[PDB]
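Peer 1: Starting off with a structure, shown below.
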Amino acid sequence: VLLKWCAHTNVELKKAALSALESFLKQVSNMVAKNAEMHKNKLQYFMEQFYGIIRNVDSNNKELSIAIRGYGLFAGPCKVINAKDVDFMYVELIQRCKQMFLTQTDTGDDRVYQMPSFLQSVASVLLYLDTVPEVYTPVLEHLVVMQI
DNA sequence: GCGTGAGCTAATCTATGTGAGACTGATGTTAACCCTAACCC
């Protein structure tokens, strides 16, 4: 229902719905991380929903941005049950950024909006990351410079 | 992704009226208690 509300007119309700959605994902990530992971079904469903949202063209920037943000928040408490899954993370996101908006003289066609979500998401996984691959760090620096 | 202005139809919003539910008190009716034409032993 929150996602359905997010796709609506009367931009005031749109803002309220997106804020509620972001708060709901932030909270659910909080109690997911706050305890030992014994509810992996919810995490799997959330990841599947996020992948479905981001691997199709039917949405505006708001839903893609919120899916990316939720991806970032749930990056944190994913390594507890699935080690080296975080290692998979921080790699797909950077490659996505590189193929999306790393070509100079941006012919993006409305790609700027999703960028701060990318920075928040990559930071979130960065906090709980060990042994940085040290190869994509130039890409991360380029990304931060581009966002600035 | 988002501001900004125009027209519209939905939503009031009070004035006035009408009826349903609760109430209250004056009233008249029935009734307890006793007295009275009249006779006549």
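Every chain in the structure tokens takes a letter, A first, then B, and so on in the order presented; its residues are numbered from 1, and the ligands are numbered from 1 following the presented order.
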Tell me which protein, DNA and RNA residues are within 10 Å of residue 42 of chain A, counting only C-alpha atoms (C1' of nucleotides), leaving out same-chain ones fewer than 6 positions away, and put them as a ChimeraX atom specification.

Peer 2: /A:28,32,48

Peer 1: Write a file of the selected residues as a compact mmCIF listing (two decimals), in the first residue's frame, keeping N, CA and C atoms.

Peer 2:
# COMPACT_ATOMS: atom_id res chain seq x y z
N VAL A 28 12.52 -0.85 9.66
CA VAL A 28 12.56 -2.30 9.56
C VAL A 28 14.00 -2.78 9.44
N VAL A 32 15.87 -5.23 12.04
CA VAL A 32 16.51 -6.39 11.43
C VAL A 32 17.95 -6.50 11.93
N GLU A 48 14.34 -9.43 -3.25
CA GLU A 48 13.68 -9.77 -4.50
C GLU A 48 12.84 -8.61 -5.01

Peer 1: Could you please select, counting only C-alpha atoms (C1' of nucleotides), the residues of chain A within 8 Å of chain B and state them as a list in words?

Peer 2: residues 60, 61, 62, 110 and 113 of chain A

Peer 1: Between atom CA of residue 132 of chain A and atom CA of residue 108 of chain A, what is the distance in Å, rounded to a tenth?

Peer 2: 29.1 Å

Peer 1: As a VMD selection string, list the residues of segment 70-106 of chain A assigned to alpha helix (DSSP H) by DSSP on the backbone atoms of this structure.

Peer 2: chain A and resid 70 to 75 85 to 88 92 to 101

Peer 1: Those same residues - N, CA, C and O atoms - I'd like them written as a PDB file, in the first residue's frame.

Peer 2:
ATOM      1  N   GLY A  70      16.751   1.501   0.110  1.00  0.00           N
ATOM      2  CA  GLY A  70      16.501   0.296   0.887  1.00  0.00           C
ATOM      3  C   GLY A  70      17.567  -0.760   0.673  1.00  0.00           C
ATOM      4  O   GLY A  70      17.964  -1.455   1.613  1.00  0.00           O
ATOM      5  N   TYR A  71      18.032  -0.900  -0.570  1.00  0.00           N
ATOM      6  CA  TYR A  71      19.179  -1.750  -0.862  1.00  0.00           C
ATOM      7  C   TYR A  71      20.359  -1.373   0.024  1.00  0.00           C
ATOM      8  O   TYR A  71      21.004  -2.234   0.635  1.00  0.00           O
ATOM      9  N   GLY A  72      20.633  -0.073   0.122  1.00  0.00           N
ATOM     10  CA  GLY A  72      21.748   0.381   0.939  1.00  0.00           C
ATOM     11  C   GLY A  72      21.566   0.064   2.411  1.00  0.00           C
ATOM     12  O   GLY A  72      22.488  -0.417   3.074  1.00  0.00           O
ATOM     13  N   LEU A  73      20.372   0.335   2.945  1.00  0.00           N
ATOM     14  CA  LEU A  73      20.134   0.067   4.363  1.00  0.00           C
ATOM     15  C   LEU A  73      20.245  -1.419   4.672  1.00  0.00           C
ATOM     16  O   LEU A  73      20.824  -1.806   5.692  1.00  0.00           O
ATOM     17  N   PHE A  74      19.707  -2.270   3.799  1.00  0.00           N
ATOM     18  CA  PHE A  74      19.763  -3.704   4.043  1.00  0.00           C
ATOM     19  C   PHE A  74      21.100  -4.317   3.655  1.00  0.00           C
ATOM     20  O   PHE A  74      21.309  -5.511   3.901  1.00  0.00           O
ATOM     21  N   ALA A  75      21.998  -3.541   3.049  1.00  0.00           N
ATOM     22  CA  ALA A  75      23.359  -4.022   2.844  1.00  0.00           C
ATOM     23  C   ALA A  75      24.034  -4.345   4.171  1.00  0.00           C
ATOM     24  O   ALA A  75      24.758  -5.341   4.283  1.00  0.00           O
ATOM     25  N   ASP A  85      28.728 -12.159   1.039  1.00  0.00           N
ATOM     26  CA  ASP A  85      27.667 -11.519   0.270  1.00  0.00           C
ATOM     27  C   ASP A  85      27.857 -10.011   0.237  1.00  0.00           C
ATOM     28  O   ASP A  85      27.560  -9.370  -0.776  1.00  0.00           O
ATOM     29  N   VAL A  86      28.358  -9.436   1.333  1.00  0.00           N
ATOM     30  CA  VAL A  86      28.727  -8.025   1.339  1.00  0.00           C
ATOM     31  C   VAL A  86      29.858  -7.775   0.354  1.00  0.00           C
ATOM     32  O   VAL A  86      29.946  -6.696  -0.243  1.00  0.00           O
ATOM     33  N   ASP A  87      30.740  -8.759   0.167  1.00  0.00           N
ATOM     34  CA  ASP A  87      31.787  -8.631  -0.840  1.00  0.00           C
ATOM     35  C   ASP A  87      31.191  -8.544  -2.240  1.00  0.00           C
ATOM     36  O   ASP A  87      31.687  -7.789  -3.085  1.00  0.00           O
ATOM     37  N   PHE A  88      30.133  -9.314  -2.506  1.00  0.00           N
ATOM     38  CA  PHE A  88      29.367  -9.109  -3.732  1.00  0.00           C
ATOM     39  C   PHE A  88      28.820  -7.689  -3.772  1.00  0.00           C
ATOM     40  O   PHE A  88      28.916  -7.001  -4.795  1.00  0.00           O
ATOM     41  N   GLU A  92      28.492  -4.490  -7.289  1.00  0.00           N
ATOM     42  CA  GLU A  92      27.398  -4.306  -8.233  1.00  0.00           C
ATOM     43  C   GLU A  92      26.960  -2.848  -8.285  1.00  0.00           C
ATOM     44  O   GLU A  92      26.690  -2.312  -9.365  1.00  0.00           O
ATOM     45  N   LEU A  93      26.892  -2.188  -7.125  1.00  0.00           N
ATOM     46  CA  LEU A  93      26.452  -0.797  -7.084  1.00  0.00           C
ATOM     47  C   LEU A  93      27.422   0.116  -7.821  1.00  0.00           C
ATOM     48  O   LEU A  93      27.004   1.009  -8.568  1.00  0.00           O
ATOM     49  N   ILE A  94      28.725  -0.084  -7.618  1.00  0.00           N
ATOM     50  CA  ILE A  94      29.707   0.780  -8.261  1.00  0.00           C
ATOM     51  C   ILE A  94      29.715   0.557  -9.767  1.00  0.00           C
ATOM     52  O   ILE A  94      29.845   1.508 -10.545  1.00  0.00           O
ATOM     53  N   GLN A  95      29.582  -0.696 -10.202  1.00  0.00           N
ATOM     54  CA  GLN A  95      29.492  -0.965 -11.633  1.00  0.00           C
ATOM     55  C   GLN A  95      28.231  -0.348 -12.225  1.00  0.00           C
ATOM     56  O   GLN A  95      28.251   0.170 -13.349  1.00  0.00           O
ATOM     57  N   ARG A  96      27.123  -0.393 -11.480  1.00  0.00           N
ATOM     58  CA  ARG A  96      25.898   0.267 -11.919  1.00  0.00           C
ATOM     59  C   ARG A  96      26.121   1.762 -12.094  1.00  0.00           C
ATOM     60  O   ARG A  96      25.717   2.350 -13.103  1.00  0.00           O
ATOM     61  N   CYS A  97      26.778   2.391 -11.119  1.00  0.00           N
ATOM     62  CA  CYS A  97      27.075   3.814 -11.228  1.00  0.00           C
ATOM     63  C   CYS A  97      27.956   4.094 -12.436  1.00  0.00           C
ATOM     64  O   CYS A  97      27.726   5.059 -13.177  1.00  0.00           O
ATOM     65  N   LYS A  98      28.966   3.249 -12.652  1.00  0.00           N
ATOM     66  CA  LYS A  98      29.901   3.465 -13.750  1.00  0.00           C
ATOM     67  C   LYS A  98      29.206   3.361 -15.099  1.00  0.00           C
ATOM     68  O   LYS A  98      29.447   4.180 -15.994  1.00  0.00           O
ATOM     69  N   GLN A  99      28.337   2.367 -15.269  1.00  0.00           N
ATOM     70  CA  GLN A  99      27.631   2.246 -16.537  1.00  0.00           C
ATOM     71  C   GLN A  99      26.510   3.265 -16.676  1.00  0.00           C
ATOM     72  O   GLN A  99      26.089   3.553 -17.802  1.00  0.00           O
ATOM     73  N   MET A 100      26.026   3.821 -15.566  1.00  0.00           N
ATOM     74  CA  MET A 100      24.919   4.767 -15.629  1.00  0.00           C
ATOM     75  C   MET A 100      25.400   6.183 -15.925  1.00  0.00           C
ATOM     76  O   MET A 100      25.048   6.765 -16.957  1.00  0.00           O
ATOM     77  N   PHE A 101      26.204   6.752 -15.032  1.00  0.00           N
ATOM     78  CA  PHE A 101      26.568   8.164 -15.126  1.00  0.00           C
ATOM     79  C   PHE A 101      28.054   8.378 -14.857  1.00  0.00           C
ATOM     80  O   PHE A 101      28.449   9.251 -14.083  1.00  0.00           O
TER      81      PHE A 101
END

Peer 1: Expressed in Å to a single decimal, how great is the separation between atom CA of residue 112 of chain A and atom CA of residue 146 of chain A?

Peer 2: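 Taking atom CA of residue 112 of chain A and atom CA of residue 146 of chain A, their separation equals 10.0 Å.
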
Peer 1: I'd like to know which of A:89, A:80, A:53, A:67 is closest to residue 124 of chain A, using only C-alpha atoms.

Peer 2: A:89

Peer 1: Grab the atom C1' of residue 6 of chain B to atom CA of residue 15 of chain A distance for me, in Å with one decimal place.

Peer 2: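 Result for atom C1' of residue 6 of chain B versus atom CA of residue 15 of chain A: 24.5 Å, one decimal.
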
Peer 1: Select, from A:140, A:43, A:102, A:21, the residue with the minimum atom-to-atom distance to residue 126 of chain A, counting only C-alpha atoms.

Peer 2: A:140

Peer 1: So, with only C-alpha atoms as the atoms that count, which of A:23, A:117, A:105, A:30 lies closest to residue 68 of chain A?

Peer 2: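 Of A:23, A:117, A:105, A:30, the one nearest residue 68 of chain A, counting only C-alpha atoms, is A:117.
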